[PDB]
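Engineer: I am sharing start.pdb, which consists of PDB, C-alpha atoms:
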MODEL        1
ATOM      1  CA  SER A   1       0.000   0.000   0.000
ATOM      2  CA  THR A   2       0.869   3.671  -0.227
ATOM      3  CA  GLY A   3      -0.525   7.008   0.872
ATOM      4  CA  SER A   4      -0.050  10.581  -0.339
ATOM      5  CA  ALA A   5      -1.333  13.720   1.380
ATOM      6  CA  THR A   6      -0.815  17.413   0.815
ATOM      7  CA  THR A   7       0.639  19.422   3.686
ATOM      8  CA  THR A   8      -0.159  23.148   3.900
ATOM      9  CA  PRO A   9       1.534  25.993   5.803
ATOM     10  CA  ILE A  10      -0.626  27.322   8.642
ATOM     11  CA  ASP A  11       0.334  30.937   7.966
ATOM     12  CA  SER A  12       2.342  33.235   5.722
ATOM     13  CA  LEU A  13       5.608  32.462   7.567
ATOM     14  CA  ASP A  14       5.453  28.645   7.281
ATOM     15  CA  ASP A  15       5.388  28.448  11.076
ATOM     16  CA  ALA A  16       4.076  24.886  10.795
ATOM     17  CA  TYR A  17       2.356  22.621   8.283
ATOM     18  CA  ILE A  18      -0.982  20.829   8.589
ATOM     19  CA  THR A  19      -2.044  17.645   6.867
ATOM     20  CA  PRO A  20      -5.613  16.309   6.815
ATOM     21  CA  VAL A  21      -6.092  12.979   8.621
ATOM     22  CA  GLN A  22      -9.238  10.847   8.673
ATOM     23  CA  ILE A  23     -10.054   9.366  12.087
ATOM     24  CA  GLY A  24     -12.901   7.016  12.905
ATOM     25  CA  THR A  25     -16.050   5.777  11.207
ATOM     26  CA  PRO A  26     -17.603   7.753   9.648
ATOM     27  CA  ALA A  27     -14.412   9.708   9.079
ATOM     28  CA  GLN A  28     -13.701  12.778  11.180
ATOM     29  CA  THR A  29     -11.087  14.836   9.352
ATOM     30  CA  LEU A  30      -8.639  16.737  11.559
ATOM     31  CA  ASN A  31      -5.678  18.817  10.413
ATOM     32  CA  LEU A  32      -2.607  17.471  12.177
ATOM     33  CA  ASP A  33       0.964  18.676  12.480
ATOM     34  CA  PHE A  34       3.157  15.805  11.251
ATOM     35  CA  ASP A  35       6.118  15.794  13.609
ATOM     36  CA  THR A  36       9.196  13.671  12.928
ATOM     37  CA  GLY A  37      10.527  14.814  16.329
ATOM     38  CA  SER A  38       7.865  13.099  18.453
ATOM     39  CA  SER A  39       5.921   9.860  18.554
ATOM     40  CA  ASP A  40       2.385  10.540  19.796
ATOM     41  CA  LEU A  41      -0.704  10.973  17.643
ATOM     42  CA  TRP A  42      -2.854  13.243  19.786
ATOM     43  CA  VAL A  43      -5.931  15.288  19.022
ATOM     44  CA  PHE A  44      -8.214  17.952  20.337
ATOM     45  CA  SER A  45     -11.352  16.103  21.312
ATOM     46  CA  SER A  46     -14.761  16.160  22.923
ATOM     47  CA  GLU A  47     -12.825  15.438  26.141
ATOM     48  CA  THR A  48     -10.635  18.550  25.929
ATOM     49  CA  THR A  49     -11.308  21.099  28.684
ATOM     50  CA  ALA A  50     -13.747  23.490  27.004
ATOM     51  CA  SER A  51     -11.867  26.681  27.909
ATOM     52  CA  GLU A  52      -8.785  25.245  26.181
ATOM     53  CA  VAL A  53     -10.521  24.780  22.818
ATOM     54  CA  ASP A  54     -10.576  27.865  20.574
ATOM     55  CA  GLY A  55     -11.496  27.103  16.969
ATOM     56  CA  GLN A  56      -9.921  23.657  16.562
ATOM     57  CA  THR A  57     -11.764  20.755  15.026
ATOM     58  CA  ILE A  58     -12.309  18.038  17.619
ATOM     59  CA  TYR A  59     -12.399  14.250  17.502
ATOM     60  CA  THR A  60     -15.490  12.829  19.190
ATOM     61  CA  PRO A  61     -14.861   9.131  19.836
ATOM     62  CA  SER A  62     -18.476   8.482  20.852
ATOM     63  CA  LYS A  63     -19.484   9.269  17.255
ATOM     64  CA  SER A  64     -17.053   6.726  15.797
ATOM     65  CA  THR A  65     -18.321   3.169  15.532
ATOM     66  CA  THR A  66     -14.745   1.871  15.392
ATOM     67  CA  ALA A  67     -13.419   3.784  18.434
ATOM     68  CA  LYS A  68     -12.520   1.740  21.513
ATOM     69  CA  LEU A  69     -11.241   3.120  24.801
ATOM     70  CA  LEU A  70      -7.786   1.752  25.523
ATOM     71  CA  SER A  71      -8.547   0.896  29.102
ATOM     72  CA  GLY A  72      -6.281   2.430  31.712
ATOM     73  CA  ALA A  73      -4.038   4.178  29.196
ATOM     74  CA  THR A  74      -2.963   7.785  29.667
ATOM     75  CA  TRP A  75      -0.444  10.054  27.990
ATOM     76  CA  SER A  76       1.387  13.271  28.773
ATOM     77  CA  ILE A  77       3.924  15.051  26.625
ATOM     78  CA  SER A  78       6.084  18.138  26.837
ATOM     79  CA  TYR A  79       7.710  19.563  23.729
ATOM     80  CA  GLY A  80      11.030  21.336  23.269
ATOM     81  CA  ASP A  81       9.248  24.671  22.961
ATOM     82  CA  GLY A  82       7.667  24.390  26.413
ATOM     83  CA  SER A  83       4.199  23.382  25.231
ATOM     84  CA  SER A  84       2.403  20.301  26.537
ATOM     85  CA  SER A  85      -0.744  18.197  26.463
ATOM     86  CA  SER A  86      -2.190  15.098  28.146
ATOM     87  CA  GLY A  87      -5.196  12.809  28.239
ATOM     88  CA  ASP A  88      -6.479   9.301  27.646
ATOM     89  CA  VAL A  89      -6.366   6.942  24.667
ATOM     90  CA  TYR A  90      -8.651   5.335  22.110
ATOM     91  CA  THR A  91      -7.846   2.971  19.294
ATOM     92  CA  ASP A  92      -9.517   3.775  15.995
ATOM     93  CA  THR A  93      -9.085   3.665  12.243
ATOM     94  CA  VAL A  94      -6.760   6.366  10.931
ATOM     95  CA  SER A  95      -6.146   7.165   7.274
ATOM     96  CA  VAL A  96      -3.629   9.511   5.687
ATOM     97  CA  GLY A  97      -3.803  10.199   1.983
ATOM     98  CA  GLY A  98      -5.517   6.887   1.269
ATOM     99  CA  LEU A  99      -3.331   4.753   3.580
ATOM    100  CA  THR A 100      -5.347   3.166   6.389
ATOM    101  CA  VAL A 101      -4.241   1.803   9.751
ATOM    102  CA  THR A 102      -6.742  -0.005  11.932
ATOM    103  CA  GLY A 103      -6.267  -0.031  15.683
ATOM    104  CA  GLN A 104      -4.115   3.105  15.739
ATOM    105  CA  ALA A 105      -3.685   4.696  19.158
ATOM    106  CA  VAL A 106      -5.440   8.076  19.036
ATOM    107  CA  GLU A 107      -4.497  10.057  22.116
ATOM    108  CA  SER A 108      -7.402  12.249  23.174
ATOM    109  CA  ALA A 109      -6.426  15.474  24.912
ATOM    110  CA  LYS A 110      -8.065  16.328  28.188
ATOM    111  CA  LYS A 111      -5.653  19.252  28.685
ATOM    112  CA  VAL A 112      -3.524  21.302  26.300
ATOM    113  CA  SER A 113      -1.189  24.213  27.023
ATOM    114  CA  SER A 114      -1.960  27.767  25.965
ATOM    115  CA  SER A 115       0.210  27.642  22.833
ATOM    116  CA  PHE A 116      -2.025  24.892  21.432
ATOM    117  CA  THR A 117      -5.278  26.610  22.401
ATOM    118  CA  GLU A 118      -4.101  29.830  20.766
ATOM    119  CA  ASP A 119      -3.366  28.114  17.467
ATOM    120  CA  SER A 120      -6.736  27.490  15.883
ATOM    121  CA  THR A 121      -5.236  25.861  12.785
ATOM    122  CA  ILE A 122      -3.656  22.792  14.434
ATOM    123  CA  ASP A 123      -6.056  20.087  15.609
ATOM    124  CA  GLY A 124      -3.303  17.838  17.005
ATOM    125  CA  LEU A 125       0.008  16.187  16.218
ATOM    126  CA  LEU A 126       0.912  13.030  14.322
ATOM    127  CA  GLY A 127       4.285  11.798  15.540
ATOM    128  CA  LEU A 128       6.705  10.213  13.109
ATOM    129  CA  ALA A 129       9.810   9.708  15.284
ATOM    130  CA  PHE A 130      10.546   6.255  16.685
ATOM    131  CA  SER A 131       7.909   4.540  18.813
ATOM    132  CA  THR A 132      10.347   4.305  21.729
ATOM    133  CA  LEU A 133       9.449   7.976  22.446
ATOM    134  CA  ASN A 134       5.693   7.348  22.623
ATOM    135  CA  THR A 135       4.371   8.551  25.986
ATOM    136  CA  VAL A 136       1.377   6.245  26.483
ATOM    137  CA  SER A 137       1.400   4.507  29.855
ATOM    138  CA  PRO A 138       1.366   1.756  31.015
ATOM    139  CA  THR A 139       1.553   0.222  27.520
ATOM    140  CA  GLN A 140       3.587   2.218  25.001
ATOM    141  CA  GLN A 141       1.918   2.599  21.610
ATOM    142  CA  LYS A 142       3.193   2.587  18.033
ATOM    143  CA  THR A 143       3.261   5.498  15.621
ATOM    144  CA  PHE A 144       1.098   5.570  12.519
ATOM    145  CA  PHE A 145       4.194   4.846  10.416
ATOM    146  CA  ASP A 146       5.288   1.949  12.608
ATOM    147  CA  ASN A 147       1.801   0.415  12.339
ATOM    148  CA  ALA A 148       1.644   0.941   8.562
ATOM    149  CA  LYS A 149       5.200  -0.124   7.786
ATOM    150  CA  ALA A 150       4.765  -3.812   7.035
ATOM    151  CA  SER A 151       1.879  -3.091   4.646
ATOM    152  CA  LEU A 152       3.719  -0.391   2.714
ATOM    153  CA  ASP A 153       5.247  -1.120  -0.684
ATOM    154  CA  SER A 154       8.539   0.132   0.800
ATOM    155  CA  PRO A 155       9.086   0.953   4.501
ATOM    156  CA  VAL A 156       9.577   4.670   3.977
ATOM    157  CA  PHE A 157       7.893   8.019   4.119
ATOM    158  CA  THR A 158       8.964  11.264   2.510
ATOM    159  CA  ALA A 159       8.620  14.916   3.452
ATOM    160  CA  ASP A 160       8.478  17.501   0.688
ATOM    161  CA  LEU A 161       7.666  20.746   2.460
ATOM    162  CA  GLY A 162       6.972  23.890   0.448
ATOM    163  CA  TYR A 163       8.320  27.384   0.895
ATOM    164  CA  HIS A 164       5.257  29.586   1.285
ATOM    165  CA  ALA A 165       3.351  26.857  -0.578
ATOM    166  CA  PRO A 166       1.814  23.420  -0.029
ATOM    167  CA  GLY A 167       3.903  20.271  -0.210
ATOM    168  CA  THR A 168       3.494  16.536   0.236
ATOM    169  CA  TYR A 169       3.912  13.652   2.665
ATOM    170  CA  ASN A 170       4.117  10.280   0.907
ATOM    171  CA  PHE A 171       4.068   6.877   2.574
ATOM    172  CA  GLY A 172       5.418   3.705   1.022
ATOM    173  CA  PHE A 173       7.070   5.060  -2.125
ATOM    174  CA  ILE A 174       9.585   7.565  -3.408
ATOM    175  CA  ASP A 175       8.210   9.941  -6.044
ATOM    176  CA  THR A 176      11.134  10.186  -8.432
ATOM    177  CA  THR A 177       9.538  13.218 -10.124
ATOM    178  CA  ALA A 178       9.620  15.273  -6.912
ATOM    179  CA  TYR A 179      13.356  16.034  -6.751
ATOM    180  CA  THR A 180      16.316  16.889  -8.943
ATOM    181  CA  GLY A 181      19.549  14.928  -9.188
ATOM    182  CA  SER A 182      20.071  12.034  -6.798
ATOM    183  CA  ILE A 183      19.087  11.292  -3.213
ATOM    184  CA  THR A 184      22.069  11.089  -0.865
ATOM    185  CA  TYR A 185      21.506   8.723   2.030
ATOM    186  CA  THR A 186      23.174   9.120   5.382
ATOM    187  CA  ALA A 187      23.297   7.086   8.599
ATOM    188  CA  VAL A 188      20.766   7.458  11.402
ATOM    189  CA  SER A 189      21.133   6.869  15.115
ATOM    190  CA  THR A 190      17.894   5.876  16.821
ATOM    191  CA  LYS A 191      19.479   5.922  20.292
ATOM    192  CA  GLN A 192      17.521   9.012  21.392
ATOM    193  CA  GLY A 193      14.387   8.019  19.479
ATOM    194  CA  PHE A 194      14.904  10.658  16.787
ATOM    195  CA  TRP A 195      15.867  10.706  13.134
ATOM    196  CA  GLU A 196      19.341  11.720  14.249
ATOM    197  CA  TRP A 197      22.117  12.122  11.691
ATOM    198  CA  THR A 198      25.411  13.939  11.131
ATOM    199  CA  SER A 199      25.749  16.724   8.602
ATOM    200  CA  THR A 200      29.175  17.035   7.030
ATOM    201  CA  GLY A 201      29.395  20.840   7.266
ATOM    202  CA  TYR A 202      28.111  24.161   6.038
ATOM    203  CA  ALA A 203      28.677  27.264   3.972
ATOM    204  CA  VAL A 204      27.307  30.794   4.281
ATOM    205  CA  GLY A 205      26.256  32.432   1.032
ATOM    206  CA  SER A 206      28.911  32.025  -1.644
ATOM    207  CA  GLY A 207      31.546  31.319   1.004
ATOM    208  CA  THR A 208      33.796  28.299   1.237
ATOM    209  CA  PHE A 209      32.386  25.077   2.651
ATOM    210  CA  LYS A 210      33.506  24.258   6.193
ATOM    211  CA  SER A 211      33.868  20.513   6.726
ATOM    212  CA  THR A 212      32.707  19.777  10.251
ATOM    213  CA  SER A 213      30.444  17.142  11.786
ATOM    214  CA  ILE A 214      27.108  18.486  13.019
ATOM    215  CA  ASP A 215      24.945  15.925  14.797
ATOM    216  CA  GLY A 216      21.274  16.825  14.746
ATOM    217  CA  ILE A 217      17.717  15.679  14.174
ATOM    218  CA  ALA A 218      15.458  15.914  11.139
ATOM    219  CA  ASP A 219      12.388  17.468  12.755
ATOM    220  CA  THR A 220       9.382  18.502  10.685
ATOM    221  CA  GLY A 221       7.656  19.717  13.850
ATOM    222  CA  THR A 222      10.225  22.450  14.569
ATOM    223  CA  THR A 223       9.951  25.652  12.535
ATOM    224  CA  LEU A 224      13.545  26.865  12.523
ATOM    225  CA  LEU A 225      17.094  25.599  12.000
ATOM    226  CA  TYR A 226      18.970  25.340  15.329
ATOM    227  CA  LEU A 227      22.731  24.902  15.038
ATOM    228  CA  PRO A 228      25.832  25.397  17.191
ATOM    229  CA  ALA A 229      26.553  28.959  18.248
ATOM    230  CA  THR A 230      29.755  29.085  16.219
ATOM    231  CA  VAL A 231      27.898  28.227  12.988
ATOM    232  CA  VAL A 232      25.037  30.610  13.717
ATOM    233  CA  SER A 233      27.403  33.483  14.534
ATOM    234  CA  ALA A 234      29.247  32.897  11.250
ATOM    235  CA  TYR A 235      25.950  33.124   9.357
ATOM    236  CA  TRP A 236      24.611  36.300  10.980
ATOM    237  CA  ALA A 237      27.992  38.037  10.748
ATOM    238  CA  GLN A 238      27.260  38.241   7.008
ATOM    239  CA  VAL A 239      24.093  40.298   7.584
ATOM    240  CA  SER A 240      24.732  43.966   8.341
ATOM    241  CA  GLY A 241      23.067  45.001  11.562
ATOM    242  CA  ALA A 242      22.127  41.484  12.678
ATOM    243  CA  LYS A 243      22.538  40.755  16.366
ATOM    244  CA  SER A 244      21.486  38.328  19.041
ATOM    245  CA  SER A 245      18.804  39.894  21.184
ATOM    246  CA  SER A 246      18.297  38.409  24.638
ATOM    247  CA  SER A 247      15.033  40.359  24.977
ATOM    248  CA  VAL A 248      13.568  38.985  21.745
ATOM    249  CA  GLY A 249      15.048  35.514  22.215
ATOM    250  CA  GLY A 250      17.449  35.095  19.329
ATOM    251  CA  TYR A 251      19.056  36.644  16.313
ATOM    252  CA  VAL A 252      17.238  39.526  14.707
ATOM    253  CA  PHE A 253      18.168  41.475  11.625
ATOM    254  CA  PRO A 254      17.077  44.645   9.826
ATOM    255  CA  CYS A 255      14.051  43.866   7.695
ATOM    256  CA  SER A 256      15.741  45.869   4.904
ATOM    257  CA  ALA A 257      18.494  43.233   4.626
ATOM    258  CA  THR A 258      19.019  40.752   1.837
ATOM    259  CA  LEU A 259      19.829  37.425   3.549
ATOM    260  CA  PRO A 260      22.536  35.099   2.257
ATOM    261  CA  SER A 261      21.821  31.454   1.598
ATOM    262  CA  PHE A 262      22.942  28.704   3.951
ATOM    263  CA  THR A 263      24.290  25.372   2.700
ATOM    264  CA  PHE A 264      24.449  22.175   4.728
ATOM    265  CA  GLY A 265      26.277  18.989   3.854
ATOM    266  CA  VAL A 266      24.769  15.536   3.453
ATOM    267  CA  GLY A 267      27.728  13.283   2.837
ATOM    268  CA  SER A 268      29.435  14.762  -0.215
ATOM    269  CA  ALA A 269      26.161  16.397  -1.323
ATOM    270  CA  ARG A 270      24.987  19.896  -0.506
ATOM    271  CA  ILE A 271      21.535  21.325   0.250
ATOM    272  CA  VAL A 272      21.143  25.070  -0.282
ATOM    273  CA  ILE A 273      18.651  27.007   1.826
ATOM    274  CA  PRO A 274      17.851  30.254  -0.014
ATOM    275  CA  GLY A 275      18.193  33.424   2.032
ATOM    276  CA  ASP A 276      14.478  34.176   1.849
ATOM    277  CA  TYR A 277      13.732  30.917   3.706
ATOM    278  CA  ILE A 278      15.587  32.386   6.697
ATOM    279  CA  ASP A 279      13.296  35.438   7.025
ATOM    280  CA  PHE A 280      10.616  35.074   9.717
ATOM    281  CA  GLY A 281       9.405  38.625   9.438
ATOM    282  CA  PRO A 282       8.878  41.466  11.889
ATOM    283  CA  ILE A 283       9.346  40.593  15.543
ATOM    284  CA  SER A 284       6.037  42.385  16.223
ATOM    285  CA  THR A 285       3.571  43.962  13.825
ATOM    286  CA  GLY A 286       5.048  47.026  12.146
ATOM    287  CA  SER A 287       8.582  46.506  13.447
ATOM    288  CA  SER A 288      11.572  46.901  11.171
ATOM    289  CA  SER A 289      13.455  44.252  13.166
ATOM    290  CA  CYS A 290      12.973  40.811  11.656
ATOM    291  CA  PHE A 291      13.376  37.411  13.296
ATOM    292  CA  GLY A 292      15.993  35.038  11.941
ATOM    293  CA  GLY A 293      15.328  31.495  10.795
ATOM    294  CA  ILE A 294      18.731  30.167  11.879
ATOM    295  CA  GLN A 295      19.174  30.227  15.647
ATOM    296  CA  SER A 296      21.557  28.820  18.219
ATOM    297  CA  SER A 297      20.931  25.377  19.658
ATOM    298  CA  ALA A 298      23.005  26.224  22.735
ATOM    299  CA  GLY A 299      20.952  25.205  25.742
ATOM    300  CA  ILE A 300      18.565  23.072  23.676
ATOM    301  CA  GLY A 301      21.098  20.295  23.975
ATOM    302  CA  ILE A 302      20.609  19.101  20.397
ATOM    303  CA  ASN A 303      20.878  20.575  16.929
ATOM    304  CA  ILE A 304      17.601  20.622  15.019
ATOM    305  CA  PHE A 305      17.175  20.530  11.262
ATOM    306  CA  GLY A 306      13.673  21.964  11.351
ATOM    307  CA  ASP A 307      11.420  23.172   8.576
ATOM    308  CA  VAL A 308      13.795  25.943   7.425
ATOM    309  CA  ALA A 309      16.288  23.243   6.420
ATOM    310  CA  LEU A 310      13.942  20.438   5.451
ATOM    311  CA  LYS A 311      11.815  22.537   3.105
ATOM    312  CA  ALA A 312      14.908  23.120   0.942
ATOM    313  CA  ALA A 313      15.041  19.369   0.265
ATOM    314  CA  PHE A 314      13.133  16.255  -0.623
ATOM    315  CA  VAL A 315      13.660  14.126   2.481
ATOM    316  CA  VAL A 316      13.385  10.340   2.729
ATOM    317  CA  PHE A 317      12.738   8.815   6.134
ATOM    318  CA  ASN A 318      13.820   5.230   5.490
ATOM    319  CA  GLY A 319      12.394   2.920   8.140
ATOM    320  CA  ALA A 320      14.136  -0.229   6.983
ATOM    321  CA  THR A 321      15.623  -2.537   9.622
ATOM    322  CA  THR A 322      18.563  -0.158   9.763
ATOM    323  CA  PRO A 323      16.991   3.271   9.281
ATOM    324  CA  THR A 324      18.619   5.948   7.127
ATOM    325  CA  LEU A 325      17.781   9.468   5.917
ATOM    326  CA  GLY A 326      17.936  10.643   2.328
ATOM    327  CA  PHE A 327      18.177  14.204   1.047
ATOM    328  CA  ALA A 328      17.803  15.516  -2.484
ATOM    329  CA  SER A 329      17.651  18.991  -3.926
ATOM    330  CA  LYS A 330      14.385  19.953  -5.619
TER
ENDMDL
END
Here is the file; what I need is its structure written in the form of structure tokens.
Structural biologist:
Amino acid sequence: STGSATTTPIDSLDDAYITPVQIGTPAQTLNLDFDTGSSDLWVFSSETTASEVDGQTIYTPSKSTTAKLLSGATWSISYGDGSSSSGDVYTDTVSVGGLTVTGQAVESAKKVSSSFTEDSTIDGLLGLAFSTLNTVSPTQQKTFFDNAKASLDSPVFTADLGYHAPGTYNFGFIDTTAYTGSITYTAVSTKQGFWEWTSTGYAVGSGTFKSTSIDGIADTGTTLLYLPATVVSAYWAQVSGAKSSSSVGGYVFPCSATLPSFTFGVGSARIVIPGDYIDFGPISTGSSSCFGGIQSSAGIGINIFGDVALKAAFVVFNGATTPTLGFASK
């Protein structure tokens, strides 16, 4: 089997991407944030504290003839950005782009943090990291991909995120029309439950490539590119007037600037992030200070190849017995 679904930016900055997901019978379609940095499929629901729902579409398990309470199961998750959610668990039929999993754990939120409430466009998350990170207790549950894997034509999914435009998540096949040149594959460590890999270096603009190992995670659920402070300083030094602002919470730059590109290495291959991908716009409405899309990972404890990086590539998440990651230009 295969599936193919379009993923759409939630706003004009590509702050996140939503993908429609069918849950239950008859289908209830929710727009979920596909997150290769976590491993829970959780949704706003009829069980979510009413004051914490503000415009989201909810899953109502009582209206699904295939929903079953997973007795005794609870979940609770905290994300790298400080947000969180928790609740109980149903199993139900879940379909993405024509690919159907029966008995998928659907984690129903009883509580969500303010960041989730305030974002009316995201109805939940669909985790695509390794199932070892799944938070369901006392019986850990599998991701949608893990459940689908054996049925897929090939045990893979691909992320093709757009810049200020829709893109695609495919399951079970590689669309050879969706990228240019070849896909370069690189080793993955699953030790921390992430799609963790090592970039071979970087360049800023038309500058020389610096060969240096940068361990990090391919994370579709993180907006920005978080790299070591040395790398980030080298980038922003090429933008007149750019500075790290403790008050704002990262590097800012004059909105009048033209940003240089940023290149990262994948083996001997190179992925180029155009400068415009690194612009996250005014820090507040009407400001001439703009927020940068490359930020320091210092104090995160891990480097994160988030959407800023991934949207410059066609990315293969290869879930074979020994997982790997592939990157192609597009």
Engineer: What are the closest atom pairs, with distances in Å to one decimal, for all residues of segment 22-96 of chain A lying within 7 Å of segment 122-131 of chain A? Consider all atoms listed in the file, order rows by chain and residue number, and present the result as CSV.
Structural biologist:
residue,atom,partner,partner_atom,distance
A:30,CA,A:123,CA,5.9
A:31,CA,A:123,CA,5.4
A:32,CA,A:124,CA,4.9
A:33,CA,A:125,CA,4.6
A:34,CA,A:126,CA,4.7
A:35,CA,A:127,CA,4.8
A:36,CA,A:128,CA,4.3
A:37,CA,A:129,CA,5.3
A:38,CA,A:127,CA,4.8
A:39,CA,A:127,CA,3.9
A:40,CA,A:127,CA,4.8
A:41,CA,A:126,CA,4.2
A:42,CA,A:124,CA,5.4
A:43,CA,A:124,CA,4.2
A:44,CA,A:123,CA,5.6
A:56,CA,A:123,CA,5.3
A:57,CA,A:123,CA,5.8
A:58,CA,A:123,CA,6.9
Engineer: Separation of atom CA of residue 166 of chain A and atom CA of residue 29 of chain A, in Å?
Structural biologist: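 Value for the atom CA of residue 166 of chain A-atom CA of residue 29 of chain A distance: 18.1 Å.
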Engineer: I would like the residues chosen by the PyMOL selection byres ((chain A and resi 48) around 6) on the shown file; could you give them as a ChimeraX atom specification?
Structural biologist: /A:45-47,49-50,109-111
Engineer: Just want the 12 Å neighbourhood of residue 302 of chain A, counted on all atoms listed in the file, with same-chain residues fewer than 3 positions away dropped. Output as a PyMOL selection string.
Structural biologist: chain A and resi 37+80+192+194+196-198+214-219+225-229+296-299+305-306
Engineer: Point out the residue among A:174, A:313, A:99, A:252 with the least atom-to-atom distance to residue 154 of chain A, counting all atoms listed in the file.
Structural biologist: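 Closest candidate: A:174.
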Engineer: Spell out the residues picked by the PyMOL selection byres ((chain A and resi 254) around 6) here, as a PDB file with C-alpha atoms, keeping the file's coordinate frame.
Structural biologist:
ATOM      1  CA  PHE A 253      18.168  41.475  11.625  1.00  0.00           C
ATOM      2  CA  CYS A 255      14.051  43.866   7.695  1.00  0.00           C
ATOM      3  CA  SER A 256      15.741  45.869   4.904  1.00  0.00           C
ATOM      4  CA  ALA A 257      18.494  43.233   4.626  1.00  0.00           C
ATOM      5  CA  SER A 289      13.455  44.252  13.166  1.00  0.00           C
ATOM      6  CA  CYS A 290      12.973  40.811  11.656  1.00  0.00           C
TER       7      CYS A 290
END
Engineer: I'd like to see the residues matched by the PyMOL selection byres ((chain A and resi 86) around 10) on this file, and ideally I'd get them as a PyMOL selection string.
Structural biologist: chain A and resi 42-43+48+74-78+84-85+87-89+107-113+135-136
Engineer: When distances are computed from only C-alpha atoms, which of A:188, A:165, A:69, A:102 shows the smallest separation from residue 148 of chain A?
Structural biologist: A:102
Engineer: Do you have, as JSON lines, the list of residues of segment 109-170 of chain A lying at most 12 Å from segment 274-281 of chain A, each with its nearest atom pair and that distance in Å to one decimal, counting all atoms listed in the file and ordered by chain then number?
Structural biologist:
{"residue": "A:161", "atom": "CA", "partner": "A:277", "partner_atom": "CA", "distance": 11.9}
{"residue": "A:162", "atom": "CA", "partner": "A:277", "partner_atom": "CA", "distance": 10.3}
{"residue": "A:163", "atom": "CA", "partner": "A:277", "partner_atom": "CA", "distance": 7.0}
{"residue": "A:164", "atom": "CA", "partner": "A:277", "partner_atom": "CA", "distance": 8.9}
{"residue": "A:165", "atom": "CA", "partner": "A:277", "partner_atom": "CA", "distance": 11.9}
Engineer: Could you name the residues that touch residue 187 of chain A at 12 Å or less, counting all atoms listed in the file, but leaving out those on the same chain fewer than 3 positions away, as number ranges by chain?
Structural biologist: A: 184, 190, 195-200, 215-217, 266-267, 316-320, 322-327
Engineer: If I only want segment 147-158 of chain A, can you write it with N, CA and C atoms, as a compact mmCIF listing (two decimals), in the first residue's frame?
Structural biologist:
# COMPACT_ATOMS: atom_id res chain seq x y z
N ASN A 147 2.93 1.30 12.59
CA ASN A 147 1.80 0.41 12.34
C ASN A 147 1.62 0.12 10.85
N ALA A 148 1.86 1.10 10.00
CA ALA A 148 1.64 0.94 8.56
C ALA A 148 2.76 0.18 7.86
N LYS A 149 3.94 0.19 8.47
CA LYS A 149 5.20 -0.12 7.79
C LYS A 149 5.19 -1.43 7.01
N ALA A 150 4.70 -2.49 7.64
CA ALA A 150 4.76 -3.81 7.04
C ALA A 150 3.87 -3.91 5.81
N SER A 151 2.83 -3.08 5.76
CA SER A 151 1.88 -3.09 4.65
C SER A 151 2.34 -2.23 3.48
N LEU A 152 3.26 -1.31 3.74
CA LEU A 152 3.72 -0.39 2.71
C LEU A 152 4.52 -1.09 1.63
N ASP A 153 4.47 -0.55 0.41
CA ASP A 153 5.25 -1.12 -0.68
C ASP A 153 6.74 -1.10 -0.34
N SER A 154 7.17 -0.03 0.32
CA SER A 154 8.54 0.13 0.80
C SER A 154 8.42 0.81 2.16
N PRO A 155 9.27 0.45 3.13
CA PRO A 155 9.09 0.95 4.50
C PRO A 155 9.66 2.35 4.71
N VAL A 156 9.06 3.32 4.03
CA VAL A 156 9.58 4.67 3.98
C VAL A 156 8.44 5.67 4.01
N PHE A 157 8.75 6.89 4.42
CA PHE A 157 7.89 8.02 4.12
C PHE A 157 8.79 9.17 3.70
N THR A 158 8.21 10.13 3.00
CA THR A 158 8.96 11.26 2.51
C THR A 158 8.27 12.56 2.87
